[PDB]
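Here's the structure we're looking at; comments come further down.
Start at 1 and go down the list; that is how both ligands and their atoms are numbered. Labels below follow one simple rule: chain letters A, B, ... track the order of the sequence lines, proteins then strands, and each chain is numbered from 1. Just so it is clear, the values below take in all heavy atoms, side chains as well, and ignore hydrogens, waters and symmetry mates.
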2 protein chains.
Amino acid sequence: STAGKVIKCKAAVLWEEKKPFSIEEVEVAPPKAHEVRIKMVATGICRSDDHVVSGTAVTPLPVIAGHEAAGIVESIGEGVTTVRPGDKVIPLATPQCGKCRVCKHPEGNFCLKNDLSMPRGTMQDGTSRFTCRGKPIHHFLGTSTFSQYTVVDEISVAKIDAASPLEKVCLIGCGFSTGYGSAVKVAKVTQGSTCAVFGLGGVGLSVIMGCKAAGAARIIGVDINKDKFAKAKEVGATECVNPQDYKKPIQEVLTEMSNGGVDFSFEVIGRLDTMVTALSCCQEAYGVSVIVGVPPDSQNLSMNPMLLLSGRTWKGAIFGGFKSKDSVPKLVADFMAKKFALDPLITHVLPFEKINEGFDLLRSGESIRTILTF
Amino acid sequence: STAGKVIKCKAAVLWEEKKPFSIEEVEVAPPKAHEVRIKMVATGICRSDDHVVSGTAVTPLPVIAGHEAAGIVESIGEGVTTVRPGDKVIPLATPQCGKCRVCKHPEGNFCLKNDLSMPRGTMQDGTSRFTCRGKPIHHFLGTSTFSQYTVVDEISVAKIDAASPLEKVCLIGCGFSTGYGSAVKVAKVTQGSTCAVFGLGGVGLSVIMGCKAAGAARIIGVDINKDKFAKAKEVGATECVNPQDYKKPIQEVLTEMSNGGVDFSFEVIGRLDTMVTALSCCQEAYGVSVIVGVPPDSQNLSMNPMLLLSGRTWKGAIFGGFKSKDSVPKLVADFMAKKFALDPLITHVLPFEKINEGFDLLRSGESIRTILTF
Ligand SMILES: NC(=O)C1=CN([C@@H]2O[C@H](COP(=O)(O)OP(=O)(O)OC[C@H]3O[C@@H](n4cnc5c(N)ncnc54)[C@H](O)[C@@H]3O)[C@@H](O)[C@H]2O)C=CC1
Ligand SMILES: NC(=O)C1=CN([C@@H]2O[C@H](COP(=O)(O)OP(=O)(O)OC[C@H]3O[C@@H](n4cnc5c(N)ncnc54)[C@H](O)[C@@H]3O)[C@@H](O)[C@H]2O)C=CC1
Ligand SMILES: O=CNC1CCCCC1
Ligand SMILES: O=CNC1CCCCC1
Ligand SMILES: [Zn+2]
Ligand SMILES: [Zn+2]
Ligand SMILES: [Zn+2]
Ligand SMILES: [Zn+2]
């Protein structure tokens with residue numbers, strides 16, 4: 001019915017920063033060589049999407065944001081070999097070209113074809129497939145899932161099991177895999193260790209799930225919103241602390257609580273001051289701290305390098321360290337085999353047309369993940 | 001003859017910052033329980049000793065500095081079981097109490113009994129064994145080797161092979177083990193990798209030795225003193241670069257040479273701006289950078305956390321990550337089996353009485369290690 005022809009559908013267009021999303025009709029071009037056009041089934045609201053609205057993350061505007069999603073292939077361009085029409089797929093905000101030095105490295109996953117380091121907001125070929133009111137619209141991280149239809153490059157999409165529940169496994173496209181892998185793969189949390197998780201949203205709850213799966217004995221959740229603590233304990237936190245309850249800096253509180261520092265800390269908020277605090281609260285001689293949260297654009301933190309000279313390890317990761325096209329299908333298969341749970345992250349399910357209500361839920365602190373359904 | 005008695009001997013006392021050492025008579029008390037009095041045989045001049053003179057590293061003054069050394073036990077206090085009179089020994093600037101959480105951890109080595117985090121300039125019991133002109137003199141890192149005799153706590157000394165050449169193996173007390181271990185143990189340099197070493201003094205040359213021992217394919221030495229390059233190449237550097245030779249910043253220069261960034265980088269100078277440069281020059285997705293150099297006291301560096309979010313790992317270490325009392329004797333044994341070489345590090349030999357000439361050689365850039373003989 002639509003193969004090869006332009007599709008008119010609705011999408012949520014962000015024309016300016018700090019504005020509501022504009023739900024209107026867009027035109028989606030057919031896929032070119034090695035491109036895939038996807039009909040969306042579900043998309044999650046990740047804080048990184050809100051970072052585009054707030055100016056925390058800079059990407060060319062106007063844009064169709066959205067990147068944590070799942071859908072069904074509508075058509076494929078010339079040369080595509082990894083997916084076919086009717087396939088269930090998850091778009092990959094971090095691609096896996098399989099040919100760059102990073103793709104070939106055994107540990108690396110930040111493929112050099114990403115659109116994060118130098119945001120261009122296009123397809124790999126430098127152009128856009130979206131038009132709205134006659135204007136070209138930018139892509140976001142080579143995904144753009146806030147639309148009934150999107151076009152992605154083949155290296156930015158993974159085929160998943162045909163029996164997958166797409167309204168749950170869309171979280172494997174970002175939030176869950178980021179937090180879970182940050183714990184089990186990047187930090188490599190050890191059994192019986194003490195962990196501190198700063199930020200108890202969708203990604204931080206997934207960090208806790210990973211720390212628990214790795215066998216940590218203590219998991220301390222840190223959040224200034226005490227309404228987050230109940231769910232954090234349900235997924236594995238042993239204790240929760242609110243920094244605003246203390247006179248003392250929270251790094252000093254965590255050090256005392258852990259009898260000299262935690263084994264692993266995670267910053268899953270996106271604040272410079274909490275990145276330094278999370279590093280300081282891990283044990284000075286053998287602690288490991290992982291940055292997951294995204295800081296405001298172009299801002300530098302300040303820290304004393306003696307925190308590292310004593311023995312600490314500080315690292316960060318995109319997408320939990322997972323090689324995206326390899327790992328996403330295996331994570332879906334693991335989910336299906338009930339190896340982990342996604343329902344604790346899903347607090348709200350709304351129709352796509354209520355996208356703005358979903359972001360209001362996030363900004364107000366009331367939601368973890370809202371899933372938008374098409 | 002001297003057991004149980006105060007020993008009057010000559011030491012290099014630092015009365016004030018930024019002044020020459022004063023070679024003069026001190027009184028060295030006999031060792032108390034679990035203390036060891038050592039007759040010094042040789043001590044190296046490490047940049048960290050000069051950091052005490054310049055105020056870069058703060059420890060209470062007046063002080064007997066020196067920490068990279070080897071000697072012979074003169075007497076032991078009550079309860080000492082690990083060393084006896086006449087034993088050859090190396091003092092440990094980082095102790096190994098064997099009982100704290102760090103000593104019990106498999107990776108950690110920054111024993112909580114250290115005198116670095118919160119310098120007191122005393123023995124473990126809070127007192128001093130040194131008197132000069134009737135005044136108490138501080139210790140340095142629980143070692144104080146710029147003296148014909150010193151007293152150290154049992155956890156700060158290791159017995160070594162009775163046939164050891166003390167005028168060479170004193171370097172295993174700091175410089176060599178720090179650089180070598182930073183490469184083979186902290187970074188865990190892999191075979192065929194590309195390394196960048198910032199700073200080609202005694203410790204940076206030892207990092208190069210460790211990178212070569214690990215099988216690195218390329219080892220890029222970085223120094224603003226081009227006179228350091230010849231020796232760096234002799235011990236394993238494949239290329240040397242002087243940042244002052246380029247119209248662009250050296251991290252860009254190293255990123256171009258490594259076709260996208262190095263596998264392992266090492267800061268072995270002690271400058272805030274080169275710590276950030278060394279981190280920036282590794283692969284953004286899988287590179288590892290190790291801080292070895294000592295920053296000026298209490299100064300903060302400034303960096304963009306996106307350097308870590310992409311996947312980099314940043315860490316630091318004291319003494320190359322080696323558990324000091326376990327490792328020093330083994331390193332001496334390996335040296336005697338010619339598993340590594342120390343002669344390339346020793347450029348100057350002076351009598352202890354010419355200590356100020358030895359520091360002039362270091363400050364002028366002419367020496368790597370000057371060994372002082374008592
Ligand atoms: N590295 C990566 O690959 C990815 C990174 N992210 C980033 O991770 C971060 C978290 O994402 P979500 O979980 O979706 O966000 P979220 O907004 O749902 O969670 C943030 C949590 O931090 C808490 N918080 C805010 N300020 C705080 C403070 N000063 N102290 C303690 N807690 C504080 C909030 O109460 C909230 O619960 C965001 O910055 C996002 O951009 C998200 C996905 C992938
Ligand atoms: N972590 C630890 O356990 C230890 C740390 N250290 C520290 O390591 C550092 C090096 O010690 P040494 O090798 O003994 O010192 P060193 O002074 O002999 O070597 C430093 C080298 O850095 C070079 N350099 C200076 N400024 C530079 C710049 N802007 N760019 C490039 N190169 C520059 C100098 O030309 C010199 O060759 C010192 O800061 C020392 O305190 C030393 C021993 C143990
Ligand atoms: O949330 C998905 N991706 C993120 C990764 C970190 C930078 C902002 C975008
Ligand atoms: O050089 C020996 N020890 C050093 C270790 C890093 C801080 C200054 C002292
Ligand atoms: Zn996301
Ligand atoms: Zn790639
Ligand atoms: Zn100890
Ligand atoms: Zn030293």
Side-chain angles (χ1 to χ4, degrees), chain A residues 44-52 56-57 67-68 93-94 109-110 116 173-179 181-182 186 197-207 221-229 231-232 241-244 250 266-271 273-274 277-278 290-296 306 309-310 316-322 345 361-363 365 367-369, chain B residues 44-52 56-59 66-68 93-94 110 114-117 119 140-141 143 171 173-178 202-203 270 291-295 297 309-311 316-319:
Chain A
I45 298 174
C46 170
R47 178 63 76 166
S48 292
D49 295 301
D50 181 65
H51 285 345
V52 166
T56 287
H67 63 278
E68 181 176 89
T94 292
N109 80 322
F110 195 44
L116 175 56
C174 190
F176 168 81
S177 309
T178 291
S182 290
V186 180
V197 183
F198 291 72
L200 305 169
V203 185
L205 291 173
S206 308
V207 171
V222 187
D223 204 304
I224 57 174
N225 182 351
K226 64 166 172 177
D227 289 342
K228 298 286 143 59
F229 295 169
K231 182 56 69 66
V241 300
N242 177 352
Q244 314 186 324
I250 204 55
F266 303 84
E267 197 284 337
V268 184
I269 297 159
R271 291 177 56 91
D273 70 307
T274 53
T277 288
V290 181
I291 303 181
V292 189
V294 176
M306 282 304 306
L309 206 69
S310 49
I318 303 291
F319 199 54
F322 285 115
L345 308 175
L361 283 172
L362 183 70
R363 301 170 177 137
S367 57
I368 295 300
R369 276 305 201 261
Chain B
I45 295 176
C46 171
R47 180 60 77 163
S48 295
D49 295 310
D50 181 59
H51 285 342
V52 171
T56 288
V58 171
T59 193
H67 62 281
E68 187 176 81
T94 297
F110 196 43
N114 72 85
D115 198 42
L116 178 64
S117 299
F140 178 49
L141 299 172
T143 57
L171 292 185
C174 188
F176 170 74
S177 309
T178 296
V203 182
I291 299 177
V292 183
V294 174
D297 187 62
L309 202 63
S310 48
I318 305 295
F319 200 53

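- Annotation: A:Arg47 places an N or O atom under 3.5 Å from an N or O atom of ligand 1; distance criterion only.
- At a 3.5 angstrom cut-off on N or O pairs, A:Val294 counts as close to ligand 1.
- Note on ligand 4: B:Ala93 sits outside its first shell, no heavy atom being nearer than 4.0 Å.
- For the ligand labelled ligand 1, residue A:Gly365 lies outside the 4.0 Å heavy-atom shell.
- Nearest protein neighbour of atom 9 (C) of ligand 4, counting heavy atoms only, is B:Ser48 OG, 3.9 Å.
- The closest approach between a heavy atom of B:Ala57 and any atom of ligand 4 is not below 4.0 Å.
- For ligand 4, the atoms lying closer than 4.0 Å to a non-hydrogen atom of A:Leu309 are 6 (C).
- Judged by the shortest distance from any of its heavy atoms, A:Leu205 lies outside the 4.0 Å radius around the atoms of ligand 1.
- Residue A:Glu68 places no heavy atom under 4.0 Å from ligand 1.
- No heavy atom of A:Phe198 sits closer than 4.0 Å to any atom of ligand 1.
- Taking distance alone, with nitrogen or oxygen atoms compared against 3.5 Å, A:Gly320 stays at or beyond that limit from ligand 1.
- Within the structure, the closest approach of A:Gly202 to ligand 1 falls below 4.0 Å when heavy atoms are considered.
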